[PDB]
Each structure stands twice: as C-alpha cells, then as structure tokens.
Amino acid sequence: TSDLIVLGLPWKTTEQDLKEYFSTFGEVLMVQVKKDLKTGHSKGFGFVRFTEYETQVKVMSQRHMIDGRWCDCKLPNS
DNA sequence: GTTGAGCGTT
C-alpha cells in the first residue's frame, strides 16, 4: 500500500529486470528505475509498489542480491 | 566504454 525505494541497484539493471525479480515475492503493481533522461543511464536506485501488504513487509525484512549486488528496500523520505 | 550514497521529471 506504499512505495518502497530500492537502493544499491547495479548500473545495468533495467525496469523489467527489477520487476522480474520482485515478482518472485508477489504481484508487483509498478516499478521504477531512475535514470538521466538524456542518456538513459541508471542513477542506481528505483521504486516498487506491491499489491499485497504482506509481500511488502517480507521484501523489507531482507536484503536483495540483484544482478550481483546487495540492494536495500526502505520506506522513502517524502 | 567511467561512479556506489542516496530519496521519485512526466
């Protein structure tokens, strides 16, 4: 019921990858990877919204090895 | 063709 920000994302990681990964925990409403609009190069972080809340809690309780690097899913500021 | 803590153009 709330967006989770994802930190530590590898540079090459794309939206659908993040989606693909996070889907293994449950249904994913949306996903975002923040990039420079001019180059498309990832800024290293993203966002994700889950349908179920229990799926959201689970994802925060642990770190995430995404494309070779440990990533953190935290509640965002503002 | 580069980097590595952070906080979201629509």
# chains A, B, ... in the order shown; residues from 1 in each chain; ligands from 1
$ closest_atom_pairs --of "chain A" --to "chain B" --cutoff "9 Å" --atoms "only C-alpha atoms (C1' of nucleotides)" --output "CSV"
residue,atom,partner,partner_atom,distance
A:5,CA,B:7,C1',7.6
A:7,CA,B:6,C1',7.5
A:8,CA,B:4,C1',7.0
A:10,CA,B:4,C1',8.8
A:32,CA,B:8,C1',8.5
A:34,CA,B:8,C1',7.5
A:37,CA,B:9,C1',8.5
A:44,CA,B:4,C1',7.9
A:45,CA,B:6,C1',8.2
A:46,CA,B:8,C1',7.9
A:47,CA,B:8,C1',7.6
A:76,CA,B:7,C1',6.1
A:77,CA,B:7,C1',6.0
A:78,CA,B:7,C1',7.9
$ select_by_dssp --residues "chain A" --states "strand (DSSP E or B)" --output "ChimeraX atom specification"
/A:4-7,28-35,42-50,64-66,69-74
$ select_by_dssp --residues "chain A" --states "alpha helix (DSSP H)" --output "ChimeraX atom specification"
/A:15-22,53-60
